[PDB]
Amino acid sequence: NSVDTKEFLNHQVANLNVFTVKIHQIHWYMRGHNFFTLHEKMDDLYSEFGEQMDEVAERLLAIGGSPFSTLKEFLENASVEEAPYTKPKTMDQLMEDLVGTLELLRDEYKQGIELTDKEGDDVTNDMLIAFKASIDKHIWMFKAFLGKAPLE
């Protein structure tokens, strides 16, 4: 039982809804001397990945699929993980979580680029490549914030 382009895209709809909720979690709960800069930065990421999510869902529609569209479906299909905010985290801890999710998305998107190349879906292939370009840039910048190299 293989995963085709429709199944991959729907999986990323689920992932991206979990991810945007996580971005809001960080936005709301962060504390520390870098608050103002990172508080705004989370708004930027929230918009960007919400747009990605919409575009993925509507590409899935355009190839004849049916996107997940309830919280229950997102939780049942996402590989991105979430956790309630119970005890105080440092800013560095929150950014480590963010970067970890960005790396997860990068690697899964690479799987989807290979898949859509194989299946001959050139539109979806280039869409995913553009998304990955942005993700790679974000990983460099947030790793730099943490004092690390991009692929470290």
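When you see a residue number, it is the position in the sequence shown, counting from 1.
The mean C-alpha temperature factor is higher for 1-9 when 1-9 and 141-149 are set side by side. Comparing 38-46 with 86-94, the stretch with the higher mean C-alpha B-factor in the PDB entry is 86-94. Annotation for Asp121: CA B-factor lies in the middle third of the chain's modelled residues. In this PDB entry, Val56 carries a Cα temperature factor that places it within the lowest third of its chain's modelled residues. Split the chain's modelled residues into thirds by C-alpha temperature factor. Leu105 is in the middle one.
Sort the modelled residues of the chain by CA B factor and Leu115 lands in the highest third.
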